[PDB]
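Quick notes on the structure that follows.
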Amino acid sequence: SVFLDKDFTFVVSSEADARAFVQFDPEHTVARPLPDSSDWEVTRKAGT
Amino acid sequence: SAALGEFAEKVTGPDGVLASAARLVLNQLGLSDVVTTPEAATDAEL
Amino acid sequence: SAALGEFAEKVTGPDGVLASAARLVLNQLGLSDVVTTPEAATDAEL
Amino acid sequence: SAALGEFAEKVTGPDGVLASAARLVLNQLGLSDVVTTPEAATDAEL
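Protein chains in written order, with the entry's author numbering: chain A, 2560 to 2607; chain B, 1983 to 2028; chain C, 1983 to 2028; chain D, 1983 to 2028.
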């Protein structure tokens, strides 16, 4: 178990999996709908 | 088919130059959160 | 104590410029493996 | 034969960008001297 010191590069994920991401971190993670593909980007900030 | 293959690589480089420089000026990318649309969607729902 | 603080940041930037440019020319960093020394160490042991 | 001729010139440029930037960070190139191998060669000779 390690704490991320600086924000990780965004990765593509499904809406169901990305909303889940938010349920753990939520101050520490960031998720957005990609308008064209309807999927979500998952970006882990510092402190994750 | 297209000889342009190295012109695709030449796009990637400045993107890195762009991205790295953008972080120095603290210009924030990927700032879109849940603020406006769903509230409007809630209003449009009512 | 030292006002040099922003001159530390100004070192980091070209390092990124250096590192990114180095990958383009395929100059390989962190190439040291187990090849010479331990064989010599084995020879020096005998 | 190969249209790549200007892509050879485009390699040279960043090399200059690489070399110039490398001197700023005081990263030393061409550091290999007589230290290890001949001593090992002397040991391997004995």
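Every residue, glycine too, gets a C-beta built ideally from N, C-alpha and C.
Distance between beta carbons of residue j and residue i, contact taken as under 8 angstroms
i: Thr2607(A); j: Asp2584(A); result: 6 angstroms
i: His2587(A); j: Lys2565(A); result: Contact doesn't hold; Cβ gap of about 12 angstroms is too wide.
Minimum Cβ-Cβ distance from residue i to chain B less than 9 angstroms
i: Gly2012(C); result: no
i: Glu2600(A); result: yes
i: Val2589(A); result: yes
Sub-9 angstroms separation of residue i and residue j beta-carbons
i: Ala2003(D); j: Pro1996(C); result: yes
i: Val2581(A); j: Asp2598(A); result: no
i: residue 2537(A); j: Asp2015(B); result: Chain A is shown only over 2560 to 2607; residue 2537(A) falls outside these bounds and no answer can be derived.
i: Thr2024(D); j: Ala2022(C); result: no
i: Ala1990(D); j: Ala1985(B); result: no
i: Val2007(C); j: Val1993(D); result: yes
i: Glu2600(A); j: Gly2012(B); result: yes
7 angstroms Cβ cut-off: residues of chain C touching residue i
i: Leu2006(D); result: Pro1996
Interface residues of chain D facing residue i [CB-CB closer than 9 angstroms]
i: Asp2025(C); result: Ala2022, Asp2025 and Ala2026
Contact with chain C by residue i, beta-carbon distance below 9 angstroms
i: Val1999(D); result: yes
i: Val2017(D); result: no
Below-9 angstroms beta-carbon distance, residue i vs any chain D residue
i: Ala2003(C); result: yes
Contact set between residue i and chain B, taken where Cβ atoms lie within less than 8 angstroms
i: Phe2569(A); result: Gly2012
Any non-hydrogen atom of the ligand NAP within 8 angstroms of residue i CB
i: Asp1997(B); result: Of the ligands one can find in the structure shown there are none, so the ligand NAP has no counterpart to examine.
Proximity test, Cβ basis, 9 angstroms: residue i and chain E
i: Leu2011(B); result: Reference to chain E is not applicable here, since the protein chains of this structure are A, B, C and D.
Secondary structure, alpha helix (DSSP H): runs of 4+ residues fully inside the segment 2567 to 2593 of chain A:
You should have 2574 to 2581.
Residue ranges of each alpha helix (DSSP H) run of no fewer than 4 residues wholly in the segment 1990 to 2025 of chain B, ordered along the chain?
For secondary structure counted as the alpha helix (DSSP H) over 4 or more consecutive residues, the segment 1990 to 2025 of chain B holds no complete run.
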